[PDB]
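Colleague: sequence-free structure coming up:
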Ligand SMILES: Nc1nc2c(ncn2[C@@H]2O[C@H](COP(=O)(O)OP(=O)(O)NP(=O)(O)O)[C@@H](O)[C@H]2O)c(=O)[nH]1
Ligand SMILES: Nc1nc2c(ncn2[C@@H]2O[C@H](COP(=O)(O)OP(=O)(O)NP(=O)(O)O)[C@@H](O)[C@H]2O)c(=O)[nH]1
Ligand SMILES: Nc1nc2c(ncn2[C@@H]2O[C@H](COP(=O)(O)OP(=O)(O)O)[C@@H](O)[C@H]2O)c(=O)[nH]1
Ligand SMILES: [Mg+2]
Ligand SMILES: [Mg+2]
């Protein structure tokens, strides 16, 4: 599962060192850098096997709750029945094969409230407080003796979107435990170019392509306090759309610019359309 | 459903409707963002019939969001019987099930007043699948209330979702995060300075000079609102739907008809907008009467 | 029943009442905004008899919004039965079903103090359907708590909605400009200047000199009220309801009677109104008493 | 580099806002004056009582409080763990108006150049409001409060809080703040002055009627009835009385403070208002130019184009009560 | 900056009229107020009013004041504050001949060129905008057209 990843090789190795120690990484970065993709592939590397079953992925939203995640009391035909969650179920699987590595991907973790979701278990999922010794009786547990312990094998990977203006302050609970890792857009990298080079794209189109977006990404980072670096546009759009075998050329590029980058600029730049017109022109002209 | 029926009556430019149709086939999650009175609801019923190419109610479903709307009603949930609790398939679940049977035919779901409700509380898990790329059986998910993990729900690729959002309120400065990523905004101009808006009035026994005088005033008025950002944004500006209505009887347009409309619609609206400067209300009201 | 019968005692001009019927019949939903004491509640029950043209109570329904109304109450909600919950059709849903029983005869729903409640929550789906264009079976929509079997609710064309929003309490004001387009706002003035108010006083054994004096003093006060906009705006201006009442026994109007009015009701009202300097209070109380 | 003594400025702001002892404070700079008002102003309120607005709360509690929302109760199955979703009306001092006062007090505290005693009292007050939630202030917040549900007193301190927020600049440190040099810039000083007179005139000139009057050009254009290209013309103030109408245009210039060439560009605006304005009553038409000077006041009269026009100045920095006499004295002369 | 540009634009127009319009006579002339006051005879306090550019023809005398204003360069409300000055020049000036009076306003614009004519108080005043950055030779050809029309 590591043949063509646009992210640099140094960082992806750093995450592996960071993950095997901390076990709780949050991947920042702009939308369209394949945060889910790298995390999904990284999960297979950590195991060393490209197997879906060990890995499970869920998307957090504001109304995501502990009842869905871990334990809840959904009704059967007549009366209420306790229902296993996702994580709880996931860990029961992890206990079977402690030697092997099981990995949980949590998309848009910043969006939800972690405490209401994780509940009691948030203390345990920190790498130190793991294993049988730190087992705690769960909130809905009818019998005190049954306990829940996060095994050491479990590693939690979180994807967080930097781009949003709405964000002001990250949750405290998240920062204490998880080690944030920043994913650069990686628009200008060897593997991304070589991926494009193998596809029917001439070298000039590459430098034209990298150069024009680079100035735009540079522009937003330049206005640092006004807008964060993380707003800067990613690369996933240019990856996608070429499955049909179409040659990538400026004729093809204009579709993505007008369809995908243009609304993104409109949302990002709500102040001056003239500024938007300047940057749209350069990409093609 | 021929375009000829659809597009003449509409005031919105034939340029922008094309752009709307592009993104909708491409992305399938579209939001029309404009002030009240610009035909957001009006087009959306027509656009659905354009895409399908036929007038069929079954393939199109319409709902309005409000604060009470929740996941348990929309998608799946449990409803009390006289005593018992029975699971009940919701609208979107039931609607997509219709869509699964006929994959080729395009299906439309129209969600009005989307900003009023938090999308996350309603859609919930389905905001993951609802995105344009993550559709089809490969991305199937078992639902929160599913009896077993085997039962799965995937938003089929055929359905396109249209959401009507009005930027008429101060609260919407903090736009929901959920909307921006999964929906693509399209801005609707008010469109006084349009050929078709004039032609609607001209056919209804209207003087050409009187109509153009009106457009100059409203375009000037809306421009005044656009200048402000603190109190009144661009989205607050007046729509074109006060003037359309009320001519069905055959009563001819005149300053008298405009005078009722200003007194009963746009004058108090300005009182609400421009509370701090009462004279500023008078400045426009006489100007509009003029 | 006819206009002449209703307008015998009303102090409102004939001009507005025709203006009211002009907007109402074309638009089908209106709001009467005026200060307390101007007969907003009084006329609205009377208007119901005009539009139907007959005095029947069944075709009329009157309610008041208490900032505790919710969609569960108005349209569709869940209410306990003895041991288990059931779905109960609300008042408006019950009314619209009556309204479509016979389309020919018009039906009125009167909502006092509409300004209070969070209207977006109460009406919900109806906010789209209330409007004149968006009525009838073409715009049928499925409700939130509707049965799994498709059942759709449309506001029938015959229904007319009338709202009564006082303009004194500023906070309780409609700032949902999307909603304020459905309704048409008809200001109701205090009604002092008109003779039809004066004739009511004269007939009850009153001197025309004092009557003309009374209106002269009041209108001076309301201008002082109307001139400010920071705290006391145009809307706060004093209504005529105080003077109307209490004379049925045969009590003739005189300064002795006015003295009871001013000390007891108006003088508290003024000190709360201004609450900056007592001198201004002493001035206006003495002017009325003088 | 001469400017108005800072204490006098506060009085013009007070009339500008349409609504005290400053002898005690020894800090001449504006923020010292302004903070003492706010710091004392909050204290005056607390004696009578801060605004308490019933905020409805829909929350999950172990019992019936107010009105239970049946739908959220069954849908979340809260009954089973002895809980309901119920709506009730908590009474707080956490209103938007009240939050703004507290956030500004932090700004006042953080200001690097401020009297130490003033900060001591303010830091106490910030502590004295535990329940209220700190906020990150923007003009958009104050925009929502233009409705004016609050009392006449609250609207004063909020205006003060509005002023500080707008005139706050970072200083030596990232956290701390530094006050804007308000006096130096003509535009804001002039906009104060123009509004200062308009609000001043309504209060004191009970005799005359005071309105800002929009004016329309006498022009007609063959091209357009609109005449958008032409400049928008709105009087600074018009003070009409039965005997005489009068338009005043007032502006703050630094050049005029020098006792040489004279800056009278505003006069070009004035004549055209007189010409385009046509009186139905036809009593008379007059104009006045009033500017602020520091040392002394001089009044001149002119008969230019059949119009009676005044060029005049006022010695701000003299004394505030005498200034009130001087301003009314001028209007008496010309109005008559 | 704009003050340098606006001051520049006035001078560029002034000499431009001297070179190209050989037929007409162009001057910058000092004007005097109508005003008489007992207090000051010299009227020193009152502003010095000097025409930006006056071109004279037998049919009429044309006065033009032009400046650089930032808002007009962009694409709404019109920043034509200097029109107030223009009337005061015309009103103050009563020509001995009394036949006619000429007024024009010209503004620099980049995107487009617009011309309008106004009769405001019985006086001939015209407002136009010229596109700049098109090209020097044709733009010069364009400016010549404007002076021909309004001079008539
Ligand atoms: N005939 C005609 N009617 C139009 C046109 N545009 C808008 N309207 C009319 O305006 C009225 C209301 O339009 P609507 O879409 O409901 O505005 P809205 O944006 O939904 N209102 P809101 O934002 O408050 O929800 C309808 O009669 C609609 O047909 C148009 O181009 N032609
Ligand atoms: N007899 C008679 N009474 C009138 C007339 N106009 C107003 N009133 C009386 O004044 C009193 C209050 O009128 P009302 O409609 O309730 O004013 P309101 O605005 O609804 N009150 P509020 O704002 O407090 O809700 C009633 O006695 C009403 O009948 C009138 O023309 N004739
Ligand atoms: N093949 C390939 N796909 C990539 C690469 N990087 C990103 N992508 C794809 O870009 C698309 C979007 O990824 P993602 O970030 O998860 O979408 P998001 O939810 O909008 O953030 C997916 O198909 C990713 O796999 C890459 O390096 N190689
Ligand atoms: Mg709508
Ligand atoms: Mg009432």
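Modeller: Great, that's in hand. Residues are numbered from 1 along each chain as shown, chains lettered A, B, ... in the order given. Ligands and ions are numbered 1, 2, ... in the order given.

Colleague: which other helices and strands contact the helix or strand containing residue A:44?
Modeller: In this structure, residue A:44 is located in helix A:35-47 according to DSSP states H and E. When contacts are defined as 3 or more Cβ pairs under 8 Å, 6 or more residues apart in numbering or on different chains; DSSP states H and E, helix A:35-47 sits against helix A:9-22, strand A:24-27, strand A:55-59, strand A:103-107, strand A:155-159. Yep, even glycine has a C-beta here, placed from its N, CA and C like the rest.

Colleague: those helices in the chain, which residues are they?
Modeller: As the question left the chain open, I've gone with chain A. A:9-22, A:35-47, A:66-69, A:87-96, A:114-118, A:172-177, A:190-198, A:203-222, A:236-239, A:250-256, A:262-268, A:273-284 (DSSP state H).

Colleague: was after chain D, sorry
Modeller: Secondary structure of chain D (DSSP H): helices located at D:6-16, D:30-48, D:70-75, D:96-110, D:116-128, D:139-144, D:154-166, D:186-204, D:266-276, D:320-335.

Colleague: please see if the first one touches chain B.
Modeller: I take that to be helix D:6-16. No: looking at helix D:6-16 against chain B by Cβ under 8 Å from any Cβ of the partner chain, there are no contacts, and the closest approach is 13.3 Å.

Colleague: up against chain A, what does chain D have?
Modeller: On the criterion Cβ under 8 Å from any Cβ, chain A has as its neighbours in chain D the residues D:77, D:80, D:136.

Colleague: now tabulate those in CSV and tack on neighbour count.
Modeller: Converted to CSV, those look like this (neighbours: other Cβ atoms under 10 Å in any protein chain shown):
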residue, neighbour count
D:77, 17
D:80, 11
D:136, 8
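
Colleague: between these, which is nearest ligand 2?
Modeller: residue D:136 (39.1 Å; Cβ to the nearest ligand atom).

Colleague: who's in contact with the closest one?
Modeller: By Cβ atoms under 8 Å, 6 or more residues apart in numbering or on different chains, the contact list for residue D:136 reads A:168, D:103.

Colleague: pull the number of nearby residues for residue D:308.
Modeller: Counted by other Cβ atoms under 10 Å in any protein chain shown, the residues lying close to residue D:308 total 17.

Colleague: separation between it and chain E?
Modeller: Between residue D:308 and chain E the distance is 11 Å, computed by Cβ to the nearest Cβ, to the nearest Å.

Colleague: please report how far that residue lies from residue D:238.
Modeller: Residue D:308 sits at a distance of 15 Å from residue D:238 (criterion: Cβ to Cβ, to the nearest Å).

Colleague: could you do residue D:125 as well?
Modeller: Taking Cβ to Cβ as the criterion, residue D:125 is separated from residue D:238 by 43 Å.

Colleague: measure the closest residue to residue D:93 other than its chain neighbours to residue D:331 for me?
Modeller: Using Cβ to Cβ, 6 or more residues apart in numbering or on different chains and skipping residues adjacent in sequence, the residue nearest residue D:93 is residue D:50, 5.0 Å away. Plainly put, residue D:50 is 40 Å away from residue D:331 if you go by Cβ to Cβ.

Colleague: looking at those two, which is more packed in?
Modeller: Looking at residue D:50 and residue D:331 with other Cβ under 10 Å, you find the greater number of neighbours at residue D:331, namely 22 against 15.

Colleague: so what's the closest residue to the more buried one other than its chain neighbours up against?
Modeller: For residue D:331, ignoring the flanking residues on the chain, the nearest one in space by Cβ to Cβ, 6+ apart is residue D:205 at 6.5 Å. By Cβ under 8 Å, 6+ apart, the contact list for residue D:205 reads D:239, D:328, D:331.

Colleague: name the nearest of the residues you listed relative to ligand 1.
Modeller: Compare each of those with ligand 1 using Cβ to the nearest ligand atom and the shortest gap goes to residue D:239, at 43.6 Å.

Colleague: what sits opposite residue D:312 in the beta ladder?
Modeller: residue D:290, residue D:299 (DSSP bridges).

Colleague: tally up the residues packed near it, please.
Modeller: The number of residues packed around residue D:312, counting by other Cβ under 10 Å, is 20.

Colleague: and for the one 5 residues further on?
Modeller: Burial measure for residue D:317: 17 neighbouring residues, criterion other Cβ under 10 Å.

Colleague: again with residue D:243
Modeller: Considering only other Cβ under 10 Å, residue D:243 is surrounded by 11 other residues.

Colleague: for the closest residue in space to it that isn't next to it in sequence, give me its contacts.
Modeller: Nearest residue to residue D:243, sequence neighbours excluded (Cβ to Cβ, 6+ apart): residue D:283, at 6.0 Å. Under the criterion of Cβ under 8 Å, 6+ apart, the neighbours of residue D:283 are D:242-245.

Colleague: just the buried members of those residues?
Modeller: D:244-245 (16 or more other Cβ atoms under 10 Å in any protein chain shown).

Colleague: between the contacts of residue D:283, which is nearest chain C?
Modeller: The nearest member of the contacts of residue D:283 to chain C, counting by Cβ to the nearest Cβ, is residue D:242 at 17.1 Å.

Colleague: give the contact list for residue D:150.
Modeller: Contact analysis of residue D:150 by Cβ under 8 Å, 6+ apart lists D:51, D:97, D:158.

Colleague: quick check: the residue of the stretch 1-150 of chain A nearest chain B.
Modeller: Of all residues in the stretch 1-150 of chain A, residue A:61 sits closest to chain B, at 3.9 Å by Cβ to the nearest Cβ.

Colleague: now the residue in the stretch 151-285 of chain A that ligand 3 sits nearest to: closest residue in space that isn't a chain neighbour?
Modeller: Closest contact between the stretch 151-285 of chain A and ligand 3, by Cβ to the nearest ligand atom, is at residue A:236 (3.2 Å). Excluding the flanking residues, the one nearest residue A:236 by Cβ to Cβ, 6+ apart is residue A:32, at 3.9 Å.

Colleague: what distance do you get for the closest residue to residue D:119 other than its chain neighbours to ligand 1?
Modeller: Closest residue to residue D:119 apart from its sequence neighbours, by Cβ to Cβ, 6+ apart: residue D:109 at 5.8 Å. Distance of residue D:109 to ligand 1, given as Cβ to the nearest ligand atom, to the nearest Å: 45 Å.

Colleague: show me what the residue positioned nearest the centre of chain A is bridged to.
Modeller: With distances taken as Cα atoms, centre = their mean, chain A has residue A:159 as the residue nearest its mean C-alpha position (2.9 Å). In this structure, residue A:159 has beta-bridge partners residue A:27, residue A:107, where bridges are defined by DSSP bridges.

Colleague: show the contacting residues for it.
Modeller: Applying Cβ under 8 Å, 6+ apart to residue A:159 gives the contacts A:26-27, A:35-36, A:39, A:105-109.

Colleague: ok, residue 135 - contacts?
Modeller: Just so you know, I chose chain A. In this structure, residue A:135 makes contact with A:147-149, judged by Cβ under 8 Å, 6+ apart.

Colleague: other chain: chain D
Modeller: The neighbourhood of residue D:135, defined by Cβ under 8 Å, 6+ apart, consists of D:99-100, D:102-103, D:141.

Colleague: between those, which is nearest ligand 1?
Modeller: Where the contacts of residue D:135 are concerned, and distances follow Cβ to the nearest ligand atom, ligand 1 has its nearest neighbour in residue D:141, at 25.6 Å.

Colleague: my read: that closest one touches residue D:101, true?
Modeller: No: the pair formed by residue D:141 and residue D:101 falls short of the contact definition of Cβ atoms under 8 Å, at 11.9 Å.

Colleague: now the residue of the stretch 1-150 of chain D found nearest ligand 5: how far from ligand 3?
Modeller: Using Cβ to the ion, the point where the stretch 1-150 of chain D gets nearest to ligand 5 is residue D:149, with a distance of 20.7 Å. According to Cβ to the nearest ligand atom, residue D:149 stands 44 Å off from ligand 3.

Colleague: that residue: neighbour count?
Modeller: The criterion is other Cβ under 10 Å. On that basis, residue D:149 has 18 neighbouring residues.
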